[PDB]
Amino acid sequence: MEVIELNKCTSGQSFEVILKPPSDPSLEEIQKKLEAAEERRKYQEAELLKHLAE
Amino acid sequence: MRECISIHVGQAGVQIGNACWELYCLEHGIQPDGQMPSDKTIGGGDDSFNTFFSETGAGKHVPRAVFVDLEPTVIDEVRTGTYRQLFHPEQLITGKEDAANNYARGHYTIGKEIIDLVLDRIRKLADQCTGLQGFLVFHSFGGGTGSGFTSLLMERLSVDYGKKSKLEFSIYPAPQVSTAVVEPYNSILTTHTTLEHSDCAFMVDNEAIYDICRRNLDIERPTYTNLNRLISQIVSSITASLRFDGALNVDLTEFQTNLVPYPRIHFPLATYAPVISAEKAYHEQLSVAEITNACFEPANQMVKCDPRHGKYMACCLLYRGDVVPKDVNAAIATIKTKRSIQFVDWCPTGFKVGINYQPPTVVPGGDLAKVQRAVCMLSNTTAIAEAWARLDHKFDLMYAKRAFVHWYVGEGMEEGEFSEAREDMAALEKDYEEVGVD
Amino acid sequence: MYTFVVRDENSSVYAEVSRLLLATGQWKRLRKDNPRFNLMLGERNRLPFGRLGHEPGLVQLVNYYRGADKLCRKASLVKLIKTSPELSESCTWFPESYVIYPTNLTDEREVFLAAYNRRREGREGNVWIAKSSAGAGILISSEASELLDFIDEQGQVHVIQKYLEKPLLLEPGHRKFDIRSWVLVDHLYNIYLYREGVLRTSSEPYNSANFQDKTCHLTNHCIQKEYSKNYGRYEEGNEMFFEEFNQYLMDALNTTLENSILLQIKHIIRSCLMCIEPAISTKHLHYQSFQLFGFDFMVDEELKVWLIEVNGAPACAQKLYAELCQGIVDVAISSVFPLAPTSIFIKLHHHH
Amino acid sequence: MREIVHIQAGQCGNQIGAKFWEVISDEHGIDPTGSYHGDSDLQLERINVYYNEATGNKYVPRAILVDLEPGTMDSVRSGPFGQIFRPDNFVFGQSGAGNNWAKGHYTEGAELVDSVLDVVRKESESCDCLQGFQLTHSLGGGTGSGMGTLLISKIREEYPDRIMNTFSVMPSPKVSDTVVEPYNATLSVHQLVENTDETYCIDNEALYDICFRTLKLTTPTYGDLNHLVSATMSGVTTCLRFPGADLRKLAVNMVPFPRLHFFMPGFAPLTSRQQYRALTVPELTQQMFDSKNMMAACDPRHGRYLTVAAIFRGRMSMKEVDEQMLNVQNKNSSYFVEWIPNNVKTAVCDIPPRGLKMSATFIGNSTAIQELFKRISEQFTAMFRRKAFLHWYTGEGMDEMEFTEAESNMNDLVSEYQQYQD
Ligand SMILES: Nc1nc2c(ncn2[C@@H]2O[C@H](COP(=O)(O)OP(=O)(O)OP(=O)(O)O)[C@@H](O)[C@H]2O)c(=O)[nH]1
Ligand SMILES: Nc1ncnc2c1ncn2[C@@H]1O[C@H](COP(=O)(O)OP(=O)(O)CP(=O)(O)O)[C@@H](O)[C@H]1O
Ligand SMILES: Nc1nc2c(ncn2[C@@H]2O[C@H](COP(=O)(O)OP(=O)(O)O)[C@@H](O)[C@H]2O)c(=O)[nH]1
Ligand SMILES: [Ca+2]
Ligand SMILES: [Ca+2]
Ligand SMILES: [Ca+2]
Ligand SMILES: [Mg+2]
Ligand SMILES: [Mg+2]
Ligand SMILES: [Mg+2]
C-alpha cells in the first residue's frame, strides 16, 4: 500500500497507489476505395437503366 | 496549453455534444452569449479551460467544436437553442438527406461527397491552435452517419494529423431505445475500420444508461434528453482533467499511457456514482468509501458486464467534490479485501487517483441531484468483451441469411467487407481471451 | 406464459424439471437458440453468461452460477481452500491435498514431497491417492515415486491428497462408502440442503493391504456395477438411504445421523458456499442464477466427516428424482416466476 | 423538408386517395379550401411532407390524380375536399381501360403517360429534397393496375435513387368487378416485385369481412371499404407526418430481402355502433395483432414475421405500451424469425385520429403473405390453362408468352417466401 507521485494544486490533487508489483492507408488508398465503391454503384445503375430500356 | 477539438457526428453525437457544452459552460462560468466574467484576460489566454474554448476580441469564449450531420433537423436545434450564440455557422455542418441507418451510405455514397468539407472546417479550428493535442469524436455505433461517416473521418484524420491522439465516445446500440434492426452490422463495420485509428474509446451502452435512469432517477420511460444529461456528466468527469488545473490525464496522450497498454484493447469500462434523483425529498450524502465501493457494482457501469470474471489492465479513479487522499486510500484498502479485483500479471496492481475539489455541476431543472462528492472509475477490464460477444452474435444471426446485406452492396460496398470486418472482431475477442482467461 | 430453453440434453435432472415445467400448463419450451426466454437450462461447458439479461422486458434466470467451477474442479477446489482465509490452509475437514502438474507442462511437487518424507520418517501411514477431473483414471499407492510417475504419463493437471486409511466400515460386510448430499442455491443465495441423501456403498470388504484392486476402495456407482462381484447384495444398487443409515448408527454406534455426521456436513456446505458468495452472487446482476450441487463426503472411524469433492452437474438417485426435481421448481424457478409442506429442504441460514 | 409526391390512378386509386387526403387534411387542420385552422404546432411541423405552401398561407396537397376516363375524377373534383387539389394535377383521358391491364400499360395508358410525368417532374422540381413517391391503385382493373405500374417503371427510370411506395388493393372473387382481375393482378405483381421498395397489400376480401363480421355492416359498400383504407393509410404515414421517419430508413429496417417487400397492414380499434367505451392498451395490442384486424386476408399463424412495426396514437402510457408489446412477442415467439434480433419495433404519436382517444396501426412483413399470391396464382391458372378471356389482351398486342412469364414470376415469389418460412 504505497503512494507515489502526489501532486497538489488549488483545484485538486492526484497520486498513484500501488497494492502489488507485477509478475495506415494513405490518402491515395482511401480515394481508390471510395471511387471503387462509386464505380460499383454506377455499374449497378447502368444495368438498371439497361433493364428499363429493354 | 494544448488545444482539444471535439467532433460530433450524427444525431447521437450532436445531441450528446449539445448536452456536454451546456454542462461545460455551467462548469466554467460561461454564459449562453459566450461571455465569461471570471476570465480576466479579454480576447486571449492559455488557461486550462482554453483547451476547449477559444476567445474573440469581444470576450466571447467559443467551443473548439465541429458538428456534422447528414440531415439538418438535429443540428437546427443547436442553431436556435439556448447556446446558439456560442457557435458560428462554420462549426455546424448539415446535409439534406441522411444515411438511412446504412453504414455503406454514410461511409461511401454520402461520405465521399462531404468529407473534404468537414476536413476544411476542422482545419480552420486547427489553425487557431498553437499546439493541438488531438480530437474527441462523439458518435453512435448504430446510425448510418455515426458509424459510416465517422470511420471515414477517422481514416482521413490519421492522414492529415498523423501525430495527434484521437479518443472516442461511442454509443453502443440498445433495442430498448432503437427502432433500427441493422445496427449490429453498422457497429461491427465501423469498429473494424476505426480500430487502428482510435487510441482510446469510451463505449456507453444505451441499455445501461436507460436502466440507471429508470432505477436511480425514477424515470419510467427515459427520453434522449434524460440519457444525454447523464452521459454528459460521465463525459465531463472524463474530460475534466483536460479543462482544469491538475496533474492526471493532462493531455490526450496520457489516456493511452494510463489506460491502454495493448493498442487493440483500448475500450475502458466507465463506472459512475452517485446518481441521485433530484425529486427526492433529500438524500443522505454518501461517503468516499460508499461511492468508491459503488464503482465495483454492475448497476452503475456504462456497459453491463461482470468485471468479477475478467482481468484488470489499468484502473483510474476520478473524484469530484469533497474528497481527500486519506479517505480514498482507506476505501481502496477496504474494497481489496472484499472485491474480486484480479489484475493481469504483466501490470502492477494499483490505482491512479485524481481529485477535483469542484463537486459535479447539475443543469438547473435537470434530473440529477446535487451531490457533495462523485466519482468516475475508468478501468480496462477484459469483462467488456461480453459487449463485443453480444454484438457479434446478433451480427452472425442476420449475416447467416444475408438479411439486409443488399442495402449495403447497393451503395457500392463489397459483401467481403462484412466478413473482413467480422473476422477482425473475432480476432479482437480472441485478444481479450488471451489476456483475461487462464 | 413463461418461456424456457433446454441446452443440455444429457442432464437427467433438468430433463425432469423440463418435464414438470410443461406439466403446469404455464411454461412454454422454445428452440434452444431462441433468446426470448425466461429460464435457461444451460449447457455444462461454455455457457454464454455474457448474453443473459439483455432482452428488454424479460427477467432471465439460468441454472448455473457463473464462477462456481472454482468449487467443482479438483485442482480448483484445492487452490481455493489453501488460498482463501475463510477456509485457510489448516482447514480441518479437507484432506491434505497438493496440485501437481505433469512434468511435460503454481506446482506443489516439492511441497508434497516435504510432507511425504515427513510421514515416512514418522512411521505414520503415508498412503495417497492421485486423481484428476479428466477421469471416467485413479491410482492409490504408498510410494511417492509411483504417484508422481503416474501423473507424468498423463497430460492434464492432477491432485494428490491423503487417502483415508481409517474409514467407517458398515457391518456386516466391512465395506467402505461415501455420502452424497444435494444442495440447491437459489437466486437470493439461500442454501437448501435436500433432506434425502444417499450412501454409495462398496459391496466388497475393505482391504488395506492391497490398493491394486480398486473395487473395495472406490465407492463409485459405475465401478461397483462393473468391477464388483457382490453388487446389490446388501442394498439395492449399492445405495443406502438416510433412514436405513440412521437406524444403523443407532443400533451399532448408539448415535444418530444428525449428531455424528449431518452437523459436520451442514457446516462444510455453508463454509464452501459462503466463501465464494462475493464472487458468484447475482444479487445486483442483470440476470439471476441458481444451481444444484452434489457434495461428496467421507466418514472415518472416529465419525469425523471429510469433504471429497463438489459436483456442479450432479445426478440424483433414481428413487429421489421426482421429489428433488419438484423441489427445484418450487424454490428455484417458481420463486422468480410464480404460477397462477413441510419443505423437503433444510435451509442453512448464514450471513450474506 | 423531406417531400413526398403522391400519385393516385384509376377508379379505386382515386376514390381511396380522395378519402386519404380528406382524413389527413383534417388531422393537419387543413380545411376543404387549403386554409389552416388547427390549434397545435405539431400539425404544421411536418406539413410540407404532403402539402405545398402557396400564397396566402394556403396548403395544396402534393398529389397527382390520374385516370383513363373522366368519371371518377369528376366526382373527386365535386366531392368534399375536391377544391383542395391543384387543378393542373388532374391528368385524365376519355377512352377508358376496360379493366384491361394491356390497355393501361401498353396502348391507352402509353398515350397519356408522358403528360403525367410532366406533372410529376413539376412537383419534384419544387421539392427541397424529395424523399420518394407513393401510389394508390388497385391491381384488378386496367388504369391503376396497368398504367399505374407503367408509371412506376418510368418514375424509376427518371428518379432511380428515390423510394417508390404503393398502397395496392388486391382483388378477390368475393368483392369482384370482372373475371379478369387475376390476370391484371398477376401482371402487376411482377412489376411491383421489381420496381417498388414497399407495397402495402390491401385485400378487398379482408376489408369486406371486417365490415361484415366485425363492423356489423349488413351490406358493405366500396365506401365502407375505403373508410378502413383511409384510416389505415393515415396510421401508416403517422411516422412521416409528425415529429418523432424517412421512407428510406423505414425500408432499410423493414425489408431484409429486396423482393420480399409486401406488407400486411392492420388497424385498431374496429368498433361497431359500445362505440364510446374507452379502449385499454391490452385491448389495442390484442386486437391489432388479431388476424381479424388485418387487411391482407392472410393468417399470420401460417407464416413468420420478418419484421413488425406498430404505431400507437393518443395520450397513453408508453411504459404500458412496451409491456403489452413485449408481452405479445414473448408469448408467441414461434411466429417471429429468430435470425433478425429485435425485429419488433414500437412507436408512439401523441395526436390521435379524429374521434378516437387512441389507436394502433400494424405494419407486418410476414411470409404468410404468400397465401395471398397463392390464391391469385390459382385463379390465374384456372383461366389461363384454357386461355380464357385472353383475346381482350392479345387484341392489345400482348402475346401468351408474357402471361406464362408472369405466371412463373409469381410462383417464384411464392417459392421465395416459402424458404424463409422454414
Ligand atoms: N444516448 C443517446 N443515443 C442516441 C441519441 N440519438 C440516437 N441515439 C442512438 O443512436 C442510434 C441511431 O443512430 P443515430 O445517431 O440516430 O443515426 P445517425 O448517426 O444520425 O445516422 P443516420 O442513419 O444518417 O440518421 C440508436 O441506437 C439510438 O438509440 C441520443 O441523443 N442519445
Ligand atoms: N482421500 C481419499 N480417501 C479415501 N477415499 C477416497 C479419497 N478420495 C477419493 N476417494 C474415493 O474415491 C471415490 C470417488 O472419487 P472422486 O469423487 O475423486 O472421483 P469422481 O469425482 O470421478 C466420482 P464422483 O464425482 O461421482 O464423486 C469415493 O467413493 C471415495 O471413496
Ligand atoms: N377498396 C376498394 N376497391 C375498389 C374500389 N373501386 C374498385 N375497386 C376494386 O378495384 C378493382 C377494379 O379496378 P378499378 O380501380 O375499378 O379499375 P381502373 O379504374 O381501371 O384502375 C376490383 O378489384 C375492385 O374490387 C374502391 O372504391 N375501393
Ligand atoms: Ca482569457
Ligand atoms: Ca493512429
Ligand atoms: Ca388513341
Ligand atoms: Mg440521423
Ligand atoms: Mg466428479
Ligand atoms: Mg372500375
# chains A, B, ... in the order shown; residues from 1 in each chain; ligands from 1
>>> residues_around(residues="residue 302 (chain D)", least_positions_apart="3", cutoff="8 Å", atoms="only C-alpha atoms", output="ChimeraX atom specification")
/D:298-299,368
>>> residues_near_ligand(ligand="ligand 6", cutoff="9 Å", atoms="only C-alpha atoms and all ligand atoms", output="CSV table (one decimal) with C-alpha atoms, in the first residue's frame")
chain,number,residue,atom,x,y,z
D,95,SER,CA,-61.3,6.2,-73.8
D,107,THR,CA,-51.9,1.2,-75.5
D,108,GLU,CA,-54.4,3.7,-73.9
D,111,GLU,CA,-50.6,7.7,-74.9
>>> closest_residue(among="D:235, D:56, D:269, D:160", to="chain A", atoms="only C-alpha atoms")
D:160
>>> interface_residues(of="chain A", to="chain D", cutoff="8 Å", atoms="only C-alpha atoms", output="number ranges by chain")
A: 45, 49, 52
>>> atom_distance(atom1="CA of residue 87 (chain D)", atom2="CA of residue 14 (chain D)")
14.8 Å
>>> residues_around(residues="residue 53 (chain C)", least_positions_apart="3", cutoff="7 Å", atoms="only C-alpha atoms", output="ChimeraX atom specification")
/C:59-60,286-287
>>> write_last_selection(atoms="C-alpha atoms", output="compact mmCIF listing (two decimals), in the first residue's frame")
# COMPACT_ATOMS: atom_id res chain seq x y z
CA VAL C 59 -36.47 -11.41 -16.43
CA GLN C 60 -33.94 -14.14 -17.27
CA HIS C 286 -28.68 -8.04 -14.74
CA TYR C 287 -29.55 -11.76 -14.67
>>> residues_around(residues="residue 12 (chain A)", least_positions_apart="6", cutoff="12 Å", atoms="only C-alpha atoms", output="PyMOL selection string")
(chain A and resi 6) or (chain B and resi 240-241+244-248+318-325+353-359)
>>> write_last_selection(atoms="N, CA, C and O atoms", output="compact mmCIF listing (two decimals), in the first residue's frame")
# COMPACT_ATOMS: atom_id res chain seq x y z
N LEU A 6 2.49 12.23 -5.65
CA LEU A 6 1.47 13.11 -5.10
C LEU A 6 1.69 14.53 -5.62
O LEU A 6 2.75 15.12 -5.40
N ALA B 240 -12.62 16.37 -17.51
CA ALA B 240 -12.31 17.43 -16.55
C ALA B 240 -10.80 17.66 -16.45
O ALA B 240 -10.35 18.81 -16.37
N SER B 241 -10.02 16.58 -16.46
CA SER B 241 -8.57 16.71 -16.31
C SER B 241 -7.96 17.55 -17.41
O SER B 241 -6.88 18.14 -17.22
N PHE B 244 -9.20 21.60 -16.40
CA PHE B 244 -8.89 22.19 -15.11
C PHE B 244 -7.43 21.93 -14.75
O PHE B 244 -6.81 21.00 -15.26
N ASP B 245 -6.90 22.77 -13.87
CA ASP B 245 -5.58 22.55 -13.31
C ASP B 245 -5.49 21.15 -12.72
O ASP B 245 -6.47 20.63 -12.18
N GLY B 246 -4.32 20.54 -12.83
CA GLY B 246 -4.15 19.18 -12.35
C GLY B 246 -2.93 18.53 -12.96
O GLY B 246 -2.20 19.13 -13.75
N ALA B 247 -2.72 17.27 -12.57
CA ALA B 247 -1.54 16.52 -12.99
C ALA B 247 -1.84 15.12 -13.50
O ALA B 247 -0.91 14.41 -13.88
N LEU B 248 -3.11 14.71 -13.52
CA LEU B 248 -3.50 13.39 -14.01
C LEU B 248 -4.32 13.54 -15.28
O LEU B 248 -5.29 14.31 -15.31
N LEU B 318 -11.44 8.96 -10.69
CA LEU B 318 -11.57 10.40 -10.90
C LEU B 318 -12.66 10.94 -9.99
O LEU B 318 -13.85 10.71 -10.24
N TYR B 319 -12.26 11.65 -8.94
CA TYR B 319 -13.19 12.16 -7.93
C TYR B 319 -13.46 13.64 -8.17
O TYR B 319 -12.57 14.40 -8.55
N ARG B 320 -14.70 14.05 -7.91
CA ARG B 320 -15.09 15.45 -7.95
C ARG B 320 -15.85 15.78 -6.67
O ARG B 320 -16.82 15.10 -6.32
N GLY B 321 -15.39 16.82 -5.96
CA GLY B 321 -16.06 17.29 -4.77
C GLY B 321 -15.18 17.15 -3.54
O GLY B 321 -13.94 17.22 -3.62
N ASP B 322 -15.83 16.95 -2.39
CA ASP B 322 -15.17 16.95 -1.09
C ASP B 322 -14.53 15.59 -0.85
O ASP B 322 -15.12 14.69 -0.24
N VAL B 323 -13.30 15.43 -1.32
CA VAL B 323 -12.56 14.18 -1.23
C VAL B 323 -11.10 14.49 -0.91
O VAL B 323 -10.53 15.43 -1.46
N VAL B 324 -10.51 13.71 -0.01
CA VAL B 324 -9.09 13.84 0.31
C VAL B 324 -8.40 12.49 0.15
O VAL B 324 -9.03 11.45 0.39
N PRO B 325 -7.13 12.46 -0.24
CA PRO B 325 -6.47 11.16 -0.48
C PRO B 325 -6.59 10.19 0.68
O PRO B 325 -6.70 8.97 0.44
N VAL B 353 -5.27 7.99 -9.09
CA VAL B 353 -6.37 8.73 -8.48
C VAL B 353 -6.22 10.20 -8.83
O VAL B 353 -5.13 10.77 -8.68
N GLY B 354 -7.31 10.81 -9.28
CA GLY B 354 -7.37 12.25 -9.47
C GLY B 354 -8.53 12.82 -8.68
O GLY B 354 -9.60 12.21 -8.62
N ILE B 355 -8.30 13.97 -8.06
CA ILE B 355 -9.32 14.63 -7.24
C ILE B 355 -9.46 16.06 -7.73
O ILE B 355 -8.48 16.81 -7.78
N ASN B 356 -10.68 16.44 -8.10
CA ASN B 356 -11.03 17.82 -8.38
C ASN B 356 -12.01 18.29 -7.32
O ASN B 356 -13.07 17.68 -7.14
N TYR B 357 -11.66 19.37 -6.62
CA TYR B 357 -12.44 19.80 -5.47
C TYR B 357 -13.81 20.35 -5.85
O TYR B 357 -14.70 20.41 -4.99
N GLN B 358 -14.01 20.76 -7.09
CA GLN B 358 -15.30 21.27 -7.51
C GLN B 358 -16.29 20.12 -7.66
O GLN B 358 -16.08 19.25 -8.51
N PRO B 359 -17.36 20.07 -6.87
CA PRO B 359 -18.32 18.97 -6.98
C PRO B 359 -19.02 19.00 -8.33
O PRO B 359 -18.94 20.00 -9.06
>>> residues_near_ligand(ligand="ligand 2", cutoff="7 Å", atoms="only C-alpha atoms and all ligand atoms", output="PyMOL selection string")
chain C and resi 95+129+131+133+135-136+161-165+176-178+217-220+296+298+308-309+311
>>> select_by_dssp(residues="region 35-207 of chain D", states="strand (DSSP E or B)", output="ChimeraX atom specification")
/D:35-36,51-54,58-61,63-67,90-92,129-138,163-170,172,175,198-203
>>> interface_residues(of="chain B", to="chain D", cutoff="7 Å", atoms="only C-alpha atoms", output="PyMOL selection string")
chain B and resi 96+100-101+175+179-182+220-221+394+397-398+403-404+407
>>> closest_residue(among="B:364, B:111, B:131, B:146", to="chain A", atoms="only C-alpha atoms")
B:111
>>> residues_around(residues="residue 216 (chain C)", least_positions_apart="5", cutoff="10 Å", atoms="only C-alpha atoms", output="PDB file with N, CA, C and O atoms, in the first residue's frame")
ATOM      1  N   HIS C 174     -17.984 -55.138   6.221  1.00  0.00           N
ATOM      2  CA  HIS C 174     -16.690 -54.491   6.429  1.00  0.00           C
ATOM      3  C   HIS C 174     -16.305 -53.673   5.196  1.00  0.00           C
ATOM      4  O   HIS C 174     -15.224 -53.830   4.626  1.00  0.00           O
ATOM      5  N   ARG C 175     -17.210 -52.787   4.786  1.00  0.00           N
ATOM      6  CA  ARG C 175     -17.147 -52.157   3.476  1.00  0.00           C
ATOM      7  C   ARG C 175     -17.154 -50.637   3.582  1.00  0.00           C
ATOM      8  O   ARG C 175     -17.772 -50.054   4.479  1.00  0.00           O
ATOM      9  N   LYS C 176     -16.463 -50.008   2.635  1.00  0.00           N
ATOM     10  CA  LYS C 176     -16.332 -48.564   2.538  1.00  0.00           C
ATOM     11  C   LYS C 176     -17.603 -47.952   1.949  1.00  0.00           C
ATOM     12  O   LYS C 176     -18.496 -48.652   1.464  1.00  0.00           O
ATOM     13  N   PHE C 177     -17.682 -46.625   1.995  1.00  0.00           N
ATOM     14  CA  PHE C 177     -18.837 -45.921   1.451  1.00  0.00           C
ATOM     15  C   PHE C 177     -18.540 -44.428   1.429  1.00  0.00           C
ATOM     16  O   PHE C 177     -17.584 -43.953   2.048  1.00  0.00           O
ATOM     17  N   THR C 201     -22.359 -47.263  -1.421  1.00  0.00           N
ATOM     18  CA  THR C 201     -21.553 -48.197  -0.652  1.00  0.00           C
ATOM     19  C   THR C 201     -20.765 -49.130  -1.561  1.00  0.00           C
ATOM     20  O   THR C 201     -21.154 -49.405  -2.700  1.00  0.00           O
ATOM     21  N   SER C 202     -19.644 -49.617  -1.038  1.00  0.00           N
ATOM     22  CA  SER C 202     -18.868 -50.660  -1.691  1.00  0.00           C
ATOM     23  C   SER C 202     -19.384 -52.019  -1.238  1.00  0.00           C
ATOM     24  O   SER C 202     -19.546 -52.256  -0.037  1.00  0.00           O
ATOM     25  N   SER C 203     -19.650 -52.899  -2.197  1.00  0.00           N
ATOM     26  CA  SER C 203     -20.140 -54.239  -1.910  1.00  0.00           C
ATOM     27  C   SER C 203     -19.016 -55.233  -1.640  1.00  0.00           C
ATOM     28  O   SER C 203     -19.281 -56.435  -1.530  1.00  0.00           O
ATOM     29  N   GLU C 204     -17.777 -54.760  -1.525  1.00  0.00           N
ATOM     30  CA  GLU C 204     -16.627 -55.609  -1.275  1.00  0.00           C
ATOM     31  C   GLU C 204     -15.994 -55.266   0.067  1.00  0.00           C
ATOM     32  O   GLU C 204     -16.002 -54.103   0.484  1.00  0.00           O
ATOM     33  N   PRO C 205     -15.438 -56.253   0.766  1.00  0.00           N
ATOM     34  CA  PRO C 205     -14.784 -55.963   2.046  1.00  0.00           C
ATOM     35  C   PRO C 205     -13.563 -55.074   1.850  1.00  0.00           C
ATOM     36  O   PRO C 205     -12.778 -55.261   0.919  1.00  0.00           O
ATOM     37  N   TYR C 206     -13.415 -54.095   2.738  1.00  0.00           N
ATOM     38  CA  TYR C 206     -12.288 -53.176   2.655  1.00  0.00           C
ATOM     39  C   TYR C 206     -10.994 -53.899   3.009  1.00  0.00           C
ATOM     40  O   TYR C 206     -10.896 -54.543   4.059  1.00  0.00           O
ATOM     41  N   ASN C 207     -10.000 -53.792   2.130  1.00  0.00           N
ATOM     42  CA  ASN C 207      -8.707 -54.447   2.307  1.00  0.00           C
ATOM     43  C   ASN C 207      -7.615 -53.387   2.249  1.00  0.00           C
ATOM     44  O   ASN C 207      -7.368 -52.800   1.191  1.00  0.00           O
ATOM     45  N   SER C 208      -6.959 -53.146   3.384  1.00  0.00           N
ATOM     46  CA  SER C 208      -5.919 -52.129   3.468  1.00  0.00           C
ATOM     47  C   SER C 208      -4.560 -52.617   2.990  1.00  0.00           C
ATOM     48  O   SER C 208      -3.648 -51.801   2.834  1.00  0.00           O
ATOM     49  N   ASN C 210      -3.907 -54.112   0.059  1.00  0.00           N
ATOM     50  CA  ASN C 210      -3.904 -54.285  -1.390  1.00  0.00           C
ATOM     51  C   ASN C 210      -4.666 -53.159  -2.082  1.00  0.00           C
ATOM     52  O   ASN C 210      -5.873 -53.273  -2.321  1.00  0.00           O
ATOM     53  N   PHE C 211      -3.973 -52.072  -2.401  1.00  0.00           N
ATOM     54  CA  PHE C 211      -4.571 -50.963  -3.132  1.00  0.00           C
ATOM     55  C   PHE C 211      -4.565 -51.181  -4.639  1.00  0.00           C
ATOM     56  O   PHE C 211      -5.012 -50.301  -5.384  1.00  0.00           O
ATOM     57  N   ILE C 223     -18.197 -48.115 -10.912  1.00  0.00           N
ATOM     58  CA  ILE C 223     -17.156 -49.109 -10.670  1.00  0.00           C
ATOM     59  C   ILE C 223     -17.728 -50.322  -9.948  1.00  0.00           C
ATOM     60  O   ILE C 223     -17.343 -51.464 -10.224  1.00  0.00           O
ATOM     61  N   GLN C 224     -18.654 -50.098  -9.015  1.00  0.00           N
ATOM     62  CA  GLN C 224     -19.239 -51.212  -8.275  1.00  0.00           C
ATOM     63  C   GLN C 224     -20.095 -52.089  -9.179  1.00  0.00           C
ATOM     64  O   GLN C 224     -20.098 -53.317  -9.042  1.00  0.00           O
ATOM     65  N   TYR C 227     -17.084 -53.725 -11.875  1.00  0.00           N
ATOM     66  CA  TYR C 227     -15.935 -54.500 -11.430  1.00  0.00           C
ATOM     67  C   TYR C 227     -16.130 -55.153 -10.069  1.00  0.00           C
ATOM     68  O   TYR C 227     -15.182 -55.753  -9.550  1.00  0.00           O
ATOM     69  N   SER C 228     -17.318 -55.058  -9.479  1.00  0.00           N
ATOM     70  CA  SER C 228     -17.614 -55.688  -8.200  1.00  0.00           C
ATOM     71  C   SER C 228     -18.503 -56.904  -8.417  1.00  0.00           C
ATOM     72  O   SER C 228     -19.402 -56.885  -9.263  1.00  0.00           O
TER      73      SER C 228
END
>>> select_by_dssp(residues="region 110-198 of chain B", states="helix (DSSP H, G or I)", output="ChimeraX atom specification")
/B:111-126,144-160,175-177,183-197
>>> write_last_selection(atoms="C-alpha atoms", output="PDB file, in the first residue's frame")
ATOM      1  CA  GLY B 111     -19.214  10.395 -47.098  1.00  0.00           C
ATOM      2  CA  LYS B 112     -17.238  10.746 -50.327  1.00  0.00           C
ATOM      3  CA  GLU B 113     -19.046  13.997 -51.151  1.00  0.00           C
ATOM      4  CA  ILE B 114     -18.827  15.744 -47.752  1.00  0.00           C
ATOM      5  CA  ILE B 115     -15.513  14.560 -46.256  1.00  0.00           C
ATOM      6  CA  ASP B 116     -13.473  17.353 -47.851  1.00  0.00           C
ATOM      7  CA  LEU B 117     -15.857  19.995 -46.484  1.00  0.00           C
ATOM      8  CA  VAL B 118     -15.642  18.597 -42.940  1.00  0.00           C
ATOM      9  CA  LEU B 119     -11.843  18.493 -43.058  1.00  0.00           C
ATOM     10  CA  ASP B 120     -11.804  22.113 -44.239  1.00  0.00           C
ATOM     11  CA  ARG B 121     -13.859  23.230 -41.236  1.00  0.00           C
ATOM     12  CA  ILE B 122     -11.687  21.212 -38.846  1.00  0.00           C
ATOM     13  CA  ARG B 123      -8.584  22.695 -40.485  1.00  0.00           C
ATOM     14  CA  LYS B 124      -9.918  26.160 -39.641  1.00  0.00           C
ATOM     15  CA  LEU B 125     -10.190  25.231 -35.960  1.00  0.00           C
ATOM     16  CA  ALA B 126      -6.721  23.663 -36.105  1.00  0.00           C
ATOM     17  CA  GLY B 144     -25.588   5.361 -40.759  1.00  0.00           C
ATOM     18  CA  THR B 145     -23.754   8.647 -40.212  1.00  0.00           C
ATOM     19  CA  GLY B 146     -22.396   7.871 -36.746  1.00  0.00           C
ATOM     20  CA  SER B 147     -20.949   4.577 -37.983  1.00  0.00           C
ATOM     21  CA  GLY B 148     -20.192   5.099 -41.666  1.00  0.00           C
ATOM     22  CA  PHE B 149     -19.049   8.703 -41.812  1.00  0.00           C
ATOM     23  CA  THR B 150     -17.144   8.523 -38.519  1.00  0.00           C
ATOM     24  CA  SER B 151     -14.952   5.682 -39.774  1.00  0.00           C
ATOM     25  CA  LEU B 152     -14.151   7.650 -42.936  1.00  0.00           C
ATOM     26  CA  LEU B 153     -13.363  10.812 -40.966  1.00  0.00           C
ATOM     27  CA  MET B 154     -11.113   8.869 -38.574  1.00  0.00           C
ATOM     28  CA  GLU B 155      -9.166   7.437 -41.519  1.00  0.00           C
ATOM     29  CA  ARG B 156      -8.600  10.901 -43.007  1.00  0.00           C
ATOM     30  CA  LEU B 157      -7.716  12.430 -39.628  1.00  0.00           C
ATOM     31  CA  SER B 158      -4.917   9.876 -39.251  1.00  0.00           C
ATOM     32  CA  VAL B 159      -3.630  11.070 -42.639  1.00  0.00           C
ATOM     33  CA  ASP B 160      -3.962  14.820 -42.048  1.00  0.00           C
ATOM     34  CA  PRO B 175     -33.035  -2.224 -28.582  1.00  0.00           C
ATOM     35  CA  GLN B 176     -34.940  -0.514 -25.756  1.00  0.00           C
ATOM     36  CA  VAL B 177     -34.289   2.907 -27.337  1.00  0.00           C
ATOM     37  CA  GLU B 183     -27.321  -1.632 -36.032  1.00  0.00           C
ATOM     38  CA  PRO B 184     -25.207  -4.771 -35.343  1.00  0.00           C
ATOM     39  CA  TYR B 185     -23.980  -4.534 -38.949  1.00  0.00           C
ATOM     40  CA  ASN B 186     -23.087  -0.849 -38.579  1.00  0.00           C
ATOM     41  CA  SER B 187     -21.399  -1.281 -35.187  1.00  0.00           C
ATOM     42  CA  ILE B 188     -19.114  -4.054 -36.428  1.00  0.00           C
ATOM     43  CA  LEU B 189     -18.374  -2.376 -39.768  1.00  0.00           C
ATOM     44  CA  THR B 190     -17.363   0.868 -38.063  1.00  0.00           C
ATOM     45  CA  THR B 191     -15.320  -0.829 -35.328  1.00  0.00           C
ATOM     46  CA  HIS B 192     -13.296  -2.777 -37.903  1.00  0.00           C
ATOM     47  CA  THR B 193     -12.299   0.283 -39.952  1.00  0.00           C
ATOM     48  CA  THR B 194     -11.905   2.585 -36.922  1.00  0.00           C
ATOM     49  CA  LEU B 195      -9.946   0.184 -34.693  1.00  0.00           C
ATOM     50  CA  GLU B 196      -6.448   1.106 -35.884  1.00  0.00           C
ATOM     51  CA  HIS B 197      -7.281   4.841 -35.918  1.00  0.00           C
TER      52      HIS B 197
END
>>> closest_residue(among="D:124, D:37, D:244, D:361", to="ligand 7", atoms="only C-alpha atoms and all ligand atoms")
D:244
>>> residues_near_ligand(ligand="ligand 7", cutoff="6 Å", atoms="only C-alpha atoms and all ligand atoms", output="PyMOL selection string")
chain B and resi 10-11+98
>>> atom_distance(atom1="CA of residue 364 (chain D)", atom2="CA of residue 313 (chain D)")
17.5 Å
